[PDB]
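In what follows, a single structure is set out as structure tokens and then discussed.
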Amino acid sequence: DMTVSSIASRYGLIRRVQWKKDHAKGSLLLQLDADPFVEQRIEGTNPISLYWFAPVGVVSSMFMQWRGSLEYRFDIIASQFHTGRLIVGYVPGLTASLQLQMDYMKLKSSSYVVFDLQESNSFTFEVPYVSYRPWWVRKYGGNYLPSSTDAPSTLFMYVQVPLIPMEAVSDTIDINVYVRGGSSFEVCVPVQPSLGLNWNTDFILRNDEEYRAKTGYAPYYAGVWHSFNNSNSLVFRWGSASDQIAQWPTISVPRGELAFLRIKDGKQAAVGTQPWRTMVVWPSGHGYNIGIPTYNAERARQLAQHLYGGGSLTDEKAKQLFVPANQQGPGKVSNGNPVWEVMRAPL
Amino acid sequence: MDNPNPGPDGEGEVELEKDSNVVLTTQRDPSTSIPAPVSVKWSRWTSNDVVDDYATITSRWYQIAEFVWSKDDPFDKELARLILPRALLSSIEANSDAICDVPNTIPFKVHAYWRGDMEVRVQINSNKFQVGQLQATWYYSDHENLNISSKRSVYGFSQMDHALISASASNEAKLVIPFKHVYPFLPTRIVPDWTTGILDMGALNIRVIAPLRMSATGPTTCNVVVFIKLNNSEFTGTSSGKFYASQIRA
Amino acid sequence: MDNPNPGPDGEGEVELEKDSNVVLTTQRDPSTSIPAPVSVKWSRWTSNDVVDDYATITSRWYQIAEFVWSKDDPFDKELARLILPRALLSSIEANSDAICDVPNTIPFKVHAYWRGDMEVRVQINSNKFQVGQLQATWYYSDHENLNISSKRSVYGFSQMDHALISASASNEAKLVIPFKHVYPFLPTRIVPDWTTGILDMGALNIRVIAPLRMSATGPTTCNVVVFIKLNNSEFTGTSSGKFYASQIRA
């Protein structure tokens, strides 16, 4: 029973939402993507982060197009003394900016469903497939940056009615989420896989274009600078004196892409409250590019989504991704000028 | 028959109401309230123009209201007194949104006159430890009556067709409301007459017959959802949208 | 048979095209131009949602263009080069009016994707003493071609499916244009792809093959009316109107 269908019928976990009484009448729980290439990042540790994928994720990671109908099992672990109502709506045509500006009300405009829960925990929503295209090309195209088209749409799970928990059952409740190919998840044409092994998660860094600070700017700790958000955020410094800010090589990125940095060994990164393994590189105006440490890879990507999205540094959207200066910690310097590798993603 | 068997899935049936691109469920059968017979189609009477309705689009389930139910609410305190054609539009328009934006309103924008039966759900998520009671009641012409404050009372609407909702074992009030106005059609905006009271076939209204009687430190708040289906309709009277009318206030 | 009998009513037949709450006439049978077979319905392929069209409402005849025909216009000078999905909306939107206001556009506002054949009338009122000629031609994907300026010429479109209009004995160009795009559906607004070229199935374009050849002091000006019927449609893809897109410029 080795069928593409046989696989895309097992229900693999993909999300876990904590639902609480404190959740307002108007609130969202998850806005995950309605396409087989729906991820779940697993914590740590090496540069390239590992990801969880349903059986309907591993395929069609091998195929170009899919055209299928899908479904989500929302396992709601709940007593009979927990009551609430959840929404879920597949709204086709969700572009980048339009993914926000999205309430639970305009979702009620597209194919949507409301679920009542007293003594019936879970339910299953079958995800419709609305496209202009018969089949649907890869969201993740490997290995090729601009050869990857976004998902056709997404489903959300708002809180139609907040939860009302009696004093002898807790107020927060886990919403486990599973995903599998629906009644007719089709698959079209075998091409290069967009997913790798898990056996040997290494990558011999060619050639040897390892990203690291300009010759002379080592070691370097996370600190502050009066010229970088008025000393309110962390930036890499190669000294404690006047304007000793780490100057970093310029990264040539083709239009339609973004760039940030993840260090090879965490045992060589600069130290504050945590190893600053992730950073973003952008010009400083004072005539060079500065290394701006981020909390994690997501916060480094999101910054690249805003600077490469034709933005500035003095915008509030970017300055809420900068690491606060109370995270500078004991201010340990790095282990010399360790290797960073430049990540790439379309925008 | 009473063997309880709640597996990994706590067992219990869930009846659903799809019905047109939207699926809304209720884990407890509703208490219906049918105030009138189904309305016949009087399009082939009043107007000889484009005679039709809109199926998959206006026969859906949009939300028009939602509110709070608490212990503070005294005996007879209406949580809503919402007009029924009407507040389908009037809710969205005051949501800083337009009528044009939603699929269950768009013909009201273009078309001048409307006739059709109504369907309504008064779903709530109350807990089994809450001891209260509500009553959703219908009145085919509330604003036309002068002293209806006299009628605006829990006692008065019990006298007539209504549905009952008790906090514990929450519970839904089905509420089939067919068309019964004086004139067989309703005007979507200002018209050679009906210069006000635009698109008003009567108001729904939910008051309280029993407050949420909560134990010491029991859960205080509750909540209601009002949904509405507009089936069996007819929209004759094609008119540009600059003639339209953004409905009056709450 | 040729006995002329023009009574108090100057005699002559008038064929009409109603067809859905609008009646438009033509006193002279049209010169049709069918570039493709009728399109099959691919709703039960690309999308599994509310699968329908709108009869009496989007299958009508709205005006999208009108312009001038004069002696000044040299040999090959297009009077219009209007995109066809598309300028049904783009004409009204630039009329300082909204899409929401007119009945032949409203589902484009709500619904995300559209497929359907098209019908077009190029009616003109020219006089029997005007000796000119126009040609309305269709191209199932004009913007996709790079050097279509090469094709943008009276010579080039004569090579293909078109209709002919001569000033004298004016005259209509029927223009049945079924759906033939690369992908079976069209996107009404910005979408995960189609970030531009929104709702474009190809452009119509009317150039001149013979200028208005007018006698001394004969009537100078002329005029054209472009009408459009959107029959055999399908609008799957329900979306709020805040996701909409006011089409690009002329």
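Residue names in the structure tokens use chain letters A, B, ... in the order shown, residue numbers from 1 in each chain, and ligand numbers from 1 in the order shown.
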
Return as a compact mmCIF listing (two decimals) with N, CA, C and O atoms, in the first residue's frame the residues belonging to chain C that are within 6 Å of chain B, counting only C-alpha atoms.
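The new file out00.txt reads:
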```
# COMPACT_ATOMS: atom_id res chain seq x y z
N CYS C 100 -19.28 48.99 -6.65
CA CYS C 100 -20.36 48.52 -5.80
C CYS C 100 -21.72 49.06 -6.21
O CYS C 100 -22.75 48.48 -5.88
N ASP C 101 -21.71 50.17 -6.93
CA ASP C 101 -22.93 50.91 -7.22
C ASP C 101 -23.76 50.29 -8.33
O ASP C 101 -24.98 50.43 -8.37
N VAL C 102 -23.09 49.59 -9.24
CA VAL C 102 -23.74 49.01 -10.41
C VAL C 102 -23.93 47.49 -10.30
O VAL C 102 -23.04 46.78 -9.82
N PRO C 103 -25.09 46.99 -10.76
CA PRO C 103 -25.51 45.58 -10.67
C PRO C 103 -24.70 44.61 -11.52
O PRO C 103 -24.71 43.42 -11.24
N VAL C 110 -17.31 41.18 -4.40
CA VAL C 110 -17.25 40.13 -3.40
C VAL C 110 -16.42 38.93 -3.83
O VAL C 110 -15.51 38.51 -3.14
N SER C 240 -14.38 39.20 1.28
CA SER C 240 -14.82 40.53 1.72
C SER C 240 -14.41 41.62 0.73
O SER C 240 -13.46 41.45 -0.03
N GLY C 241 -15.12 42.74 0.76
CA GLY C 241 -14.88 43.80 -0.19
C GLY C 241 -13.70 44.69 0.13
O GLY C 241 -13.30 45.52 -0.68
```

So that I can see what lies close to stretch 64-66 of chain C, please list as a CSV table (one decimal) with C-alpha atoms, in the first residue's frame the residues with an atom at most 6 Å from it, counting only C-alpha atoms and leaving out residues fewer than 6 positions away in the same chain.
```
chain,number,residue,atom,x,y,z
C,88,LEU,CA,-16.4,47.0,-17.6
C,91,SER,CA,-14.9,52.7,-17.0
C,224,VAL,CA,-19.5,55.0,-31.2
C,225,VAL,CA,-21.2,53.1,-28.3
C,226,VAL,CA,-19.6,50.1,-26.7
```

Give me, as CSV, the closest atom pair and its distance (Å, one decimal) for every residue of chain B within a cut-off of 6 Å of chain A, counting only C-alpha atoms, rows sorted by chain and rising number.
```
residue,atom,partner,partner_atom,distance
B:9,CA,A:121,CA,5.8
B:10,CA,A:120,CA,5.1
B:11,CA,A:120,CA,5.7
B:12,CA,A:120,CA,5.5
B:21,CA,A:111,CA,5.1
B:22,CA,A:112,CA,5.2
B:23,CA,A:113,CA,4.7
B:24,CA,A:114,CA,4.8
B:25,CA,A:115,CA,5.6
B:26,CA,A:116,CA,5.7
B:125,CA,A:84,CA,5.6
B:218,CA,A:167,CA,6.0
B:219,CA,A:166,CA,5.8
```

Let's have the selection written as an mmCIF file, in the first residue's frame, with N, CA, C and O atoms.
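Heads up, here's the output in part26.cif:
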```cif
data_model
loop_
_atom_site.group_PDB
_atom_site.id
_atom_site.type_symbol
_atom_site.label_atom_id
_atom_site.label_comp_id
_atom_site.auth_asym_id
_atom_site.auth_seq_id
_atom_site.Cartn_x
_atom_site.Cartn_y
_atom_site.Cartn_z
ATOM 1 N N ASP B 9 -12.229 11.110 22.254
ATOM 2 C CA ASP B 9 -13.288 12.047 21.937
ATOM 3 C C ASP B 9 -14.428 11.888 22.936
ATOM 4 O O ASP B 9 -15.114 10.862 22.936
ATOM 5 N N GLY B 10 -14.584 12.863 23.830
ATOM 6 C CA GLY B 10 -15.742 12.904 24.704
ATOM 7 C C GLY B 10 -16.960 12.783 23.807
ATOM 8 O O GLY B 10 -17.154 13.606 22.914
ATOM 9 N N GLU B 11 -17.776 11.756 24.021
ATOM 10 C CA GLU B 11 -18.832 11.441 23.068
ATOM 11 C C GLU B 11 -20.055 12.340 23.216
ATOM 12 O O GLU B 11 -20.370 12.811 24.309
ATOM 13 N N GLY B 12 -20.737 12.561 22.098
ATOM 14 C CA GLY B 12 -21.929 13.387 22.050
ATOM 15 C C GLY B 12 -22.152 13.860 20.626
ATOM 16 O O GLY B 12 -21.186 14.151 19.920
ATOM 17 N N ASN B 21 -22.287 27.226 2.033
ATOM 18 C CA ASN B 21 -20.915 27.750 2.129
ATOM 19 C C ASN B 21 -20.519 28.158 3.554
ATOM 20 O O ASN B 21 -19.385 28.565 3.807
ATOM 21 N N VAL B 22 -21.452 28.043 4.491
ATOM 22 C CA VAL B 22 -21.129 28.250 5.895
ATOM 23 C C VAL B 22 -21.760 27.135 6.715
ATOM 24 O O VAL B 22 -22.920 26.762 6.514
ATOM 25 N N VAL B 23 -20.976 26.609 7.646
ATOM 26 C CA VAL B 23 -21.422 25.527 8.495
ATOM 27 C C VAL B 23 -21.374 26.010 9.931
ATOM 28 O O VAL B 23 -20.310 26.329 10.449
ATOM 29 N N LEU B 24 -22.520 26.086 10.584
ATOM 30 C CA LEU B 24 -22.510 26.413 11.998
ATOM 31 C C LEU B 24 -23.211 25.316 12.767
ATOM 32 O O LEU B 24 -24.269 24.837 12.365
ATOM 33 N N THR B 25 -22.605 24.924 13.880
ATOM 34 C CA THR B 25 -23.069 23.775 14.641
ATOM 35 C C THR B 25 -23.758 24.145 15.939
ATOM 36 O O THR B 25 -23.663 25.274 16.416
ATOM 37 N N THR B 26 -24.453 23.167 16.501
ATOM 38 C CA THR B 26 -25.102 23.317 17.785
ATOM 39 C C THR B 26 -25.138 21.955 18.462
ATOM 40 O O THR B 26 -25.685 20.998 17.928
ATOM 41 N N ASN B 125 -22.663 30.125 24.613
ATOM 42 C CA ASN B 125 -21.818 29.177 25.329
ATOM 43 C C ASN B 125 -21.839 29.449 26.819
ATOM 44 O O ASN B 125 -20.957 30.117 27.340
ATOM 45 N N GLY B 218 -17.837 31.628 41.255
ATOM 46 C CA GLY B 218 -18.137 31.000 39.979
ATOM 47 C C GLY B 218 -17.913 31.981 38.846
ATOM 48 O O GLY B 218 -17.844 33.185 39.081
ATOM 49 N N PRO B 219 -17.809 31.474 37.610
ATOM 50 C CA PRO B 219 -17.573 32.300 36.421
ATOM 51 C C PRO B 219 -18.660 33.343 36.184
ATOM 52 O O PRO B 219 -19.837 33.006 36.059
#
```

Practice prompt. Quick one: everything within 10 Å of residue A:260, counting only C-alpha atoms, minus sequence neighbours fewer than 4 positions away in the same chain. Send it as a PyMOL selection string.
Written response: chain A and resi 251+278-282+291-294+297+299-304+340-345

Discussion item. Could you pull out the strand (DSSP E) residues of stretch 58-211 of chain B, going by DSSP on the backbone, and write them as an NGL selection string?
Written reply: :B and (62-67 or 113-114 or 119-124 or 133-139 or 162-166 or 172-174 or 186-187 or 203-210)

Any chance you could export the current selection's C-alpha atoms as a JSON list (two decimals), in the first residue's frame?
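Wrote part09.json, looks like this:
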```json
[["chain", "number", "residue", "atom", "x", "y", "z"],
["B", 62, "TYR", "CA", -23.57, 36.22, 8.74],
["B", 63, "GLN", "CA", -23.05, 37.52, 12.28],
["B", 64, "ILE", "CA", -24.99, 40.64, 13.23],
["B", 65, "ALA", "CA", -24.69, 40.76, 16.99],
["B", 66, "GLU", "CA", -22.92, 39.44, 20.04],
["B", 67, "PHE", "CA", -23.07, 40.51, 23.66],
["B", 113, "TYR", "CA", -37.17, 46.34, -2.84],
["B", 114, "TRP", "CA", -36.92, 43.10, -0.87],
["B", 119, "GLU", "CA", -33.75, 32.49, 9.79],
["B", 120, "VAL", "CA", -32.02, 33.28, 13.10],
["B", 121, "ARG", "CA", -29.76, 31.49, 15.58],
["B", 122, "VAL", "CA", -29.32, 32.69, 19.15],
["B", 123, "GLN", "CA", -26.37, 30.50, 20.12],
["B", 124, "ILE", "CA", -24.66, 30.91, 23.49],
["B", 133, "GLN", "CA", -32.62, 32.12, 31.57],
["B", 134, "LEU", "CA", -33.15, 34.33, 28.51],
["B", 135, "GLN", "CA", -36.00, 34.73, 26.02],
["B", 136, "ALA", "CA", -35.69, 35.65, 22.34],
["B", 137, "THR", "CA", -38.99, 37.01, 21.05],
["B", 138, "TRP", "CA", -40.29, 38.36, 17.75],
["B", 139, "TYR", "CA", -42.76, 41.14, 16.89],
["B", 162, "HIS", "CA", -40.91, 33.03, 21.62],
["B", 163, "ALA", "CA", -37.97, 30.76, 22.37],
["B", 164, "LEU", "CA", -36.44, 29.96, 25.75],
["B", 165, "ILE", "CA", -32.78, 29.78, 26.70],
["B", 166, "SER", "CA", -31.49, 28.66, 30.09],
["B", 172, "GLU", "CA", -29.84, 27.50, 21.19],
["B", 173, "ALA", "CA", -33.01, 29.35, 20.17],
["B", 174, "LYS", "CA", -34.04, 28.54, 16.61],
["B", 186, "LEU", "CA", -39.73, 46.18, 1.89],
["B", 187, "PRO", "CA", -37.80, 49.22, 0.63],
["B", 203, "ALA", "CA", -37.45, 43.84, 15.72],
["B", 204, "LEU", "CA", -36.14, 40.84, 17.62],
["B", 205, "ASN", "CA", -35.45, 41.28, 21.34],
["B", 206, "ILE", "CA", -33.73, 39.19, 24.03],
["B", 207, "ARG", "CA", -34.44, 40.01, 27.67],
["B", 208, "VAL", "CA", -33.76, 38.06, 30.87],
["B", 209, "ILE", "CA", -36.14, 35.86, 32.87],
["B", 210, "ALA", "CA", -33.46, 34.53, 35.21]]
```

Item to complete: Show which residues sit within 12 Å of residue A:141, as number ranges by chain. Count only C-alpha atoms, and ignore same-chain residues fewer than 4 positions away.
Response: A: 37, 60-65, 137, 145-151, 191-195, 345-346

Worksheet item: Could you pull the residues within 7 Å of residue B:129, counting only C-alpha atoms, minus those fewer than 2 positions along the same chain, as a PyMOL selection string?
Response: (chain A and resi 166) or (chain B and resi 127+131+168)

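Distance check against residue A:305 using only C-alpha atoms: of A:267, A:212, A:96, A:23, the minimum falls on A:96.
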
Worksheet item: Skipping near chain neighbours, those fewer than 5 positions away, what residues fall within 9 Å of residue C:70 using only C-alpha atoms, listed as a VMD selection string?
Response: chain C and resid 211 to 212 220 to 223

Restricting it to N, CA and C atoms, dump the selection as a compact mmCIF listing (two decimals), in the first residue's frame.
```txt
# COMPACT_ATOMS: atom_id res chain seq x y z
N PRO C 211 -11.18 56.80 -43.23
CA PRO C 211 -11.60 58.03 -42.54
C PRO C 211 -12.98 58.49 -43.00
N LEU C 212 -13.62 59.37 -42.23
CA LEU C 212 -14.94 59.84 -42.61
C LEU C 212 -14.70 60.72 -43.80
N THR C 220 -19.32 66.73 -39.77
CA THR C 220 -17.95 66.39 -39.39
C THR C 220 -17.83 65.20 -38.45
N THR C 221 -18.52 65.30 -37.33
CA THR C 221 -18.32 64.37 -36.24
C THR C 221 -19.15 63.11 -36.39
N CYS C 222 -18.74 62.07 -35.67
CA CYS C 222 -19.52 60.85 -35.53
C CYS C 222 -19.39 60.37 -34.09
N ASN C 223 -19.73 59.11 -33.84
CA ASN C 223 -19.79 58.60 -32.47
C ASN C 223 -19.98 57.09 -32.41
```

Worksheet entry | alpha helix (DSSP H) call set, DSSP backbone run, stretch 29-85 of chain B, as a PyMOL selection string | chain B and resi 43-46+55-58

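With only C-alpha atoms as the atoms that count, the residue of B:82, B:142, B:75, B:214 with the shortest distance to residue B:130 is B:214.
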
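Atom pair atom CA of residue B:33 / atom CA of residue A:26 has a distance of 29.6 Å (rounded to one decimal).
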
Discussion item. So that I can check the surroundings of residue B:47, please list as a PyMOL selection string every protein, DNA and RNA residue that reaches within 10 Å of it, counting only C-alpha atoms and ignoring chain neighbours fewer than 6 positions away.
Written reply: chain B and resi 113+185+236-237
